[PDB]
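Here you get one chain, nothing else, as structure tokens; it is the form deposited in one PDB entry.
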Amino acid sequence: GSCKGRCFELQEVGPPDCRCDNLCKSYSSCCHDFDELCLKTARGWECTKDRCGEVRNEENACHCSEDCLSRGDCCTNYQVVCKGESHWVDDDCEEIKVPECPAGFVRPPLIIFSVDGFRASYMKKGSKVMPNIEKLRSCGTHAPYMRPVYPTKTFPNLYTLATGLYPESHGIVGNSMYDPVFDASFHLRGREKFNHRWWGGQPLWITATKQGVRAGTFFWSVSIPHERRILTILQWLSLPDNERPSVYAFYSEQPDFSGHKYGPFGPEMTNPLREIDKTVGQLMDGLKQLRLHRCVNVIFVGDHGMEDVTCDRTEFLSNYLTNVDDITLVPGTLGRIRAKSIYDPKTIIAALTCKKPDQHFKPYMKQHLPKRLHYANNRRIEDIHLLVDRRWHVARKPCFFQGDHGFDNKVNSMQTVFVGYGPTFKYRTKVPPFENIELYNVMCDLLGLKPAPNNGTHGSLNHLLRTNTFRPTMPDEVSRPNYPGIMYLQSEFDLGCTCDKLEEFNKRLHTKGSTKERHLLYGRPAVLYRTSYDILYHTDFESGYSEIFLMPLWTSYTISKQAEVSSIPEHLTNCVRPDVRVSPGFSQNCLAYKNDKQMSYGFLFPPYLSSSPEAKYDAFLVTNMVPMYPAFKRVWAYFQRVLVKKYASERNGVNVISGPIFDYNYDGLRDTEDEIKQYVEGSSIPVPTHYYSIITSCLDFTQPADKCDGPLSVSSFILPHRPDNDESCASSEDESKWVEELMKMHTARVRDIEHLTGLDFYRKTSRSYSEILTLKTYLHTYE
């Protein structure tokens, strides 16, 4: 019944016996003497000279006695004060070529130091404010920033860090959520969150335990002061070999709490940042005392940033909806809307769509959210979502706080931090920004664990590490293409299509020639599922034509800086030509489009970028055609006619791969045929949910895209294929006032496209596969 000799013990005592562990306070279940024996505060957290060599007094918070290292309960500055040693921060940086662990240590321990609400720009405050953090940052490995997951809230991001999964997959989709299968709500406050039913995937601590690696208790009751959390980690590190964990987590509530109170740019933020730096210094001094400072891998990481948000920048749903009593709103920096009593979702969305000129949120059905957010495939995510403008809140009805977070994860103010320091991380190395979903694999590598299946791309962060356990290999192609020749005659086709001599004289029309060389710069995409498709060559483009979907899976072409834009002539406006390499039965037909009043068509290779009048006729082949709503053609035609040439002019040429995506079940993965829920009327021509483009050029812009010796540069998009442009409030204006903005909102990683298409890109380059994996995870943010 007593905590004597049991403070912060690792074995969790079962109900009903009283507890002495990290979380006992949170369950209101600690022993009667917990707050006294375990949460001692007497004399503070720093040795003074007068305490050196004292006899142990049990009331003291930490000790300066000669027996204190045998418990790991010395104050962290003990040796500096009593043994003449220096502070870790005052020592010069010295590369750690190999781990330097003391006796009993099998592997380098990992410590995760997580800081809530630590905005990336706070790092600009430098060594005068944060000397310890700045040393870790400059001497180890760091990124300019780390991208969090949406929503940019604590619970979703801490659990993504732990699992390598998107919130839609791990289940922690918000700080607040409702599960219709449990008929219950999860909240930051309360007991509900402690039930295991909420938590999916496999977090790091469980991955560790399953593979024989001991994990410290990651979670800390808020009432445990930060100094005690550090001392407890150091005490655990002092345990015998068979009881000592290999992985630990420290969590701080700061700088989030001050961020909320004063905003991210308040002068009041300096003191919270100074205190966090002190805590880091305590940890590093503590490790130095135990001879672990050149043995431990340390990860200093945040969960999200902070934005200026005040109560007078609140949009109220009662100013748009006349029936606010019928809905339930999860409010704030995002909006999720649910019925109160199981109202009509389509009328709700319409009533929230572009109703005031300066409206500071936008409504979406979850399947229409930008696919980069990966925020749809979970029954806990409400069908109706509001994406709120940075600096604003949305509330149901009608300052103490000046900051908040939760917004779109590509917003600058939401970006957070990453520093890795220790023998396994690189020395004085800057790395590009990356997403927090990638760290679980690295933390597994750092511990010798096989990661559970997750949304990271294993190998994309090998460049953070001095030594790598995991070597990525490129997946094998599943479906091999056919390469059909000119087989059929014009007379054999009856597609109901029309058109308005020199092809006859060209014996090697549609042969490979130099097409593959100049239009497929990085090798053909591999098809990673089972299907039947044809490679088709042309002067200006190459494509992989699916005989199942009756359209290309991909279309590839290169446009030089100097390329000419031309118009579609009047006589070719409605031209569609049958492809003599592909059978009538595996082709689309024009009558289906005549029959379908809602549906039109577009082209994947644009007629506007043909190299000659002769070549232009290839662009009107039936095998280059794809179903497009008239509304979407305004977007697509502008992209094709105007933006591609712009990008070619800005980037010293570009290579473009475009194609359809089918994702009717909004799971972020390529649909099977059975999952396709819409076809062109009276046909088996499937309707894409989205269209992608991947735009590649040389990172060194002094080299043209087709003669690039080095690293590549990529931007990509996944555009929703919608029958209206309601998403774009300026869409009644000229396309130059809104199309490019739409596309930037739907920016994407090549990896996102790979999941949605079952294709593998960049299979033939001069770059290493790990470098390619980094390229595939890149997101062009426009921030």
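Don't overthink the numbering: it's just position in the shown sequence, from 1. The term rigid core refers to the most C-alpha atoms you can superpose between the two forms while keeping them within 1.5 Å.
> Neighbours in the displayed sequence, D500 and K501 may still hide a gap; how many deposited residues lack coordinates there, none, 1 to 3, 4 to 9, or 10 or more?
Gap between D500 and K501: 4 to 9 residues without coordinates.
> Looking at the deposited sequence, how many residues between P398 and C399 were given no coordinates in the entry: none, 1 to 3, 4 to 9, or 10 or more?
Per the record, 10 or more deposited residues are absent between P398 and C399.
> On mean C-alpha B-factor from the PDB entry, just flag whether 13-21 or 765-773 is the higher one.
The recorded data point to 13-21.
> For the C-alpha atoms alone, is the average B factor greater in 141-149 or in 233-241, going by the entry?
So the stretch with the higher mean C-alpha B-factor is 233-241.
> Looking at the C-alpha B-factor values in the deposited entry, which of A526, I657, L287, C590 comes out highest?
Among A526, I657, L287, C590, the PDB entry lists the largest C-alpha B-factor for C590.
> Of the choices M745, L719, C729, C47, which one's C-alpha carries the largest B-factor in the record?
Comparing C-alpha B-factors across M745, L719, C729, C47, the maximum falls on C47.
> Could you look up the Cα B-factor of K737 in the entry and say which third of the chain it sits in: lowest, middle or highest?
Answer is middle: the recorded C-alpha B-factor places it there.
> Splitting the chain's C-alpha B-factors into thirds, which one does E570 fall into?
Answer is highest: the recorded C-alpha B-factor places it there.
> Divide the modelled residues of the chain into thirds by Cα B-factor and specify which third, lowest, middle or highest, holds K597.
Ranked within chain, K597 CA B lands in the highest tercile.
> Can you tell me which third, lowest, middle or highest, the CA B-factor of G266 falls into for its chain?
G266: CA B-factor falls in the highest third of its chain.
> Using the B-factor values recorded in the entry, state whether the Cα atom of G456 falls in the lowest, middle or highest third among the modelled residues of its chain.
Ranked within chain, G456 CA B lands in the lowest tercile.
In what follows, reference is made to the form deposited in another entry, a form of this protein that is not presented.
> Where among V739, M745, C31, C47 does the Cα move by 2 Å or more between the shown form and the other one after the core is superposed?
Shifted by 2 Å or more: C31 only.
> For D726, decide whether the Cα shift between the shown form and the other one is 2 Å or greater, given a superposition on the rigid core.
No, the C-alpha position differs by under 2 Å between the shown form and the other one.
> Spell out whether the Cα of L773 moves at least 2 Å between the shown form and the other one when the two forms are superposed on their rigid core.
Where the cores coincide, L773 shows only a C-alpha shift between the shown form and the other one that is less than 2 Å.
> Superpose on the rigid core, then tell me if the C-alpha of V714 is displaced by 2 angstroms or more between the shown form and the other one.
Not so; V714 is displaced by less than 2 Å.
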